[PDB]
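Step one of this worksheet: look at the structure below.
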Amino acid sequence: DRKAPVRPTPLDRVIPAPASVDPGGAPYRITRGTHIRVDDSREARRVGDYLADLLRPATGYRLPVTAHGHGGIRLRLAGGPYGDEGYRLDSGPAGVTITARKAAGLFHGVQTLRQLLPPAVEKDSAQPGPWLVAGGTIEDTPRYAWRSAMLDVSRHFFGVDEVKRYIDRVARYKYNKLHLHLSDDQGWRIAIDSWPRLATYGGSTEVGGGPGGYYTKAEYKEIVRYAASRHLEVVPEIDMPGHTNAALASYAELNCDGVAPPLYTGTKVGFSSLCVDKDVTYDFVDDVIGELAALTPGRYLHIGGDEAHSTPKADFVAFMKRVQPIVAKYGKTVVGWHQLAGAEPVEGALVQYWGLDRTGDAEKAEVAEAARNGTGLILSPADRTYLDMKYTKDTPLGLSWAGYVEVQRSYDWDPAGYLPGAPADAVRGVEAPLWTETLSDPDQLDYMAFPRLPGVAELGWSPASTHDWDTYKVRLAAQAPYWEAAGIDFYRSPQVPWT
Ligand SMILES: CC(=O)N[C@@H]1[C@@H](O)[C@H](O)[C@@H](CO)O[C@H]1O
Ligand SMILES: [Cl-]
Ligand SMILES: [Cl-]
Ligand SMILES: [Cl-]
């Protein structure tokens with residue numbers, strides 16, 4: 001009875017592990033007449049309709065959303081110790097109530113509810129149920145404010161609908177930021193009016209050749225809107241000065257030798273560079289960041305800065321000193337890969353650490369020092385949270401430059417004491433990047449993202465006190481029937497006792 005258990009799943013059996021779980025009493029049961037009662041506000045109703053849409057297919061129930069009466073499922077906004085993202089979930093025969101200070105908290109509460117319900121909830125046709133929700137109370141708040149997932153749409157382009165699909169995958173685990181790698185050597189994915197060829201030419205292909213693609217302003221705005229509806233703040237990235245071949249191939253003048261390189265369809269990195277000694281280079285950067293910032297309601301703008309190996313150190317430093325201010329000029333907070341820590345991060349900047357266990361002390365020191373100087377840290381170790389990394393030598397997709405990364409390794413660590421000498425309060429959170437050199441379709445994205453994606457989300461959300469592999473793997477194993485019913489392919493790691 002994997003699909004429709006006789007009894008409800010444990011109240012604590014959810015990912016991320018909730019801050020506080022107090023089981024008790026009888027469970028709630030959703031029946032054909034259940035109403036979803038929300039506050040008389042747009043934001044409240046919005047979450048109600050979202051919940052209704054998630055449950056209608058499998059239950060076949062009407063589930064009307066209204067601001068009157070005593071619905072069996074109540075979503076209420078009230079004062080409380082739940083911050084901007086926390087919530088309280090009360091379940092019992094009298095009904096299920098989700099309380100939070102803001103919509104995001106209610107949304108997060110819903111993500112927990114869909115896990116309390118049985119696997120059959122993932123089906124698209126009416127199911128027998130029962131639609132039980134374990135009884136008791138859950139009080140939940142996040143450990144870190146930066147819990148993101150990155151999707152590389154430059155190596156292989158993924159359209160609006162495919163991105164919306166990935167957004168729904170991550171929303172399940174309370175991620176609150178979506179980092180989009182919009183440009184690299186194999187493609188430029190965002191239309192820039194001031195530089196038309198970036199998209200029309202720079203976006204014409206991708207890894208392996210053939211058609212590429214890109215987002216028009218309208219498509220990008222739609223992705224941001226959809227992400228916002230799933231409470232994901234979009235963090236766009238335009239990598240510079242390295243990983244810039246798409247742009248360089250589009251405009252000969254940007255190149256040091258004034259010759260446009262061919263469009264790149266390989267899978268290597270580090271060979272491209274904007275010409276730091278040219279003035280046109282900074283007109284280009286200003287134009288792009290200005291247009292991107294206008295399309296970005298979010299607070300951050302990622303300028304990359306990784307593997308600028310065709311850019312001498314001194315030039316890299318000079319380049320970043322010159323471009324960082326451009327971000328603030330357009331009202332945004334700059335973010336960069338940790339290489340930026342060696343190029344004087346401006347005040348308020350954050351750096352994304354993608355180092356490994358084996359990374360040299362000198363490099364780790366430079367990053368820990370930036371943290372001491374006030375730079376916020378986003379942790380995404382290549383040998384931990386890079387979802388494109390192979391599980392073992394036999395994985396049919398992904399890369400292995402950072403070694404292999406099985407499920408336990410990806411989960412078994414603590415962000416607070418990860419980087420030696422780095423102040424714990426400098427750690428803003430974590431990120432799970434999914435690079436696409438080897439992934440060309442949504443199903444392949446799923447196979448590499450799952451089952452590690454949920455784990456990284458827990459590291460960003462759950463209290464350190466709840467972290468434990470032996471008990472987490474049981475909660476992870478329980479997701480199997482849900483993913484199977486949802487049509488979500490995943491790697492059945494031998495380290496997990498799959499349900
Ligand atoms: C910051 C960063 O990760 N840069 C590259 C990235 O462009 C590539 O897609 C990935 C694949 O694992 O390898 C990294 O070294
Ligand atoms: Cl989904
Ligand atoms: Cl090559
Ligand atoms: Cl390489």
Side-chain angles (χ1 to χ4, degrees), residues 150-158 179-190 192 195 197-199 201-208 212-215 235-251 254-256 260-276 278 281-282 284-285 287-289 292 300-313 315-320 322-324 326-327 334-343 351-355 378 380 382 386 388 399 401-402 431 433-439:
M150 183 202 88
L151 179 59
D152 170 2
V153 293
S154 301
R155 275 40 183 280
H156 279 99
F157 179 70
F158 290 87
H179 172 191
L180 294 179
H181 196 78
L182 299 173
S183 70
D184 208 290
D185 297 305
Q186 305 90 334
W188 183 279
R189 313 305 183 193
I190 179 67
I192 300 295
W195 298 72
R197 287 175 61 66
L198 295 176
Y201 189 72
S204 65
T205 191
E206 56 180 25
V207 164
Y214 64 85
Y215 309 122
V235 179
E237 185 196 340
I238 293 298
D239 210 334
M240 58 183 78
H243 286 281
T244 44
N245 193 71
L248 299 175
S250 299
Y251 292 85
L254 294 174
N255 301 272
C256 278
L263 291 164
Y264 186 62
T265 65
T267 54
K268 289 171 55 60
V269 304
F271 59 84
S272 63
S273 177
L274 296 178
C275 204
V276 185
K278 284 175 173 294
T281 295
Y282 307 87
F284 165 75
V285 175
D287 286 338
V288 171
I289 294 181
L292 180 59
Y300 319 89
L301 196 294
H302 206 306
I303 61 175
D306 63 304
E307 310 167 331
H309 302 317
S310 291
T311 309
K313 175 62 70 65
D315 289 328
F316 178 78
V317 174
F319 181 79
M320 290 303 197
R322 299 165 182 170
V323 301
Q324 291 185 80
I326 299 180
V327 174
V334 60
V335 183
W337 295 103
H338 75 273
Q339 279 60 47
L340 180 63
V351 298
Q352 192 172 347
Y353 181 77
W354 56 288
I378 295 163
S380 68
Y386 267 36
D388 63 311
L399 301 177
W401 65 267
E431 182 167 300
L434 176 55
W435 300 101
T436 58
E437 281 90 335
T438 73
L439 315 174

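Nothing fancy with the numbering, it's 1 onward along the sequence. These values consider heavy atoms only, across backbone and side chains, with no hydrogens, waters or symmetry-generated copies.
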Check: [Y] and [X] side chains under 4.5 Å, non-hydrogen atoms:
X	Y	answer
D152	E437	yes
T267	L399	no
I303	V334	yes
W337	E307	no
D388	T436	no
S204	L263	yes
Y282	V276	yes
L180	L151	yes

- Option from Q339, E431, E237 for which side-chain hydrogen bond (donor to acceptor under 3.5 Å, both in side chains) with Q352 holds: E431
Minimum heavy-atom separation for [X] and [Y], please, with both atom names.
X	Y	result
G212	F157	O-CD2, 3.5 Å
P261	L248	CD-O, 3.4 Å
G270	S310	O-OG, 3.1 Å
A382	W401	CB-CH2, 3.4 Å
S250	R197	O-NE, 2.8 Å
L254	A247	CD1-O, 3.7 Å

- Can we call the ring centroids of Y201 and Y214 under 6.0 Å apart? no
- Query: When the ring centroid of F284 is compared with that of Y251, is the distance short of 6.0 Å?
  - Reply: no
Would the distance check show the side chain of [X] and the main-chain N or O of [Y] forming a donor-acceptor pair, the cut-off being under 3.5 Å?
X	Y	answer
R189	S154	yes
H302	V235	no
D185	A246	no

Between [atom1] on residue [X] and [atom2] on residue [Y], distance to nearest 0.5 Å:
X	Y	atom1	atom2	value
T265	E206	OG1	CD	10.0 Å
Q324	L340	CD	CG	4.5 Å
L292	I190	CG	CD1	7.0 Å
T244	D184	OG1	CG	8.5 Å
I289	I238	CD1	CD1	8.5 Å
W188	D239	CH2	CG	9.5 Å

- Taking the inter-plane angle between the rings of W354 and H338 on a 0 to 90° scale, is it parallel (under 30°), tilted (30 to 60°) or perpendicular (over 60°)? tilted
- Item | Aromatic ring pairing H181/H243, orientation class (parallel under 30°, perpendicular over 60°, tilted between) | perpendicular
- Task: Let me see the working for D306 and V269 under side-chain contact (heavy atoms from CB on, under 4.5 Å), right down to the final yes or no.
- Result: CA-CA 10 Å; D306 63 304; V269 304; over 6 Å; no
- Could you please spell out the steps behind the side-chain contact (heavy atoms from CB on, under 4.5 Å) verdict for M240 and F319? CA-CA 9 Å; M240 58 183 78; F319 181 79; 3.9 Å; yes
- Query: Cut-off 3.5 Å, side chains only: do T311 and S273 have a donor facing an acceptor?
  - Reply: yes
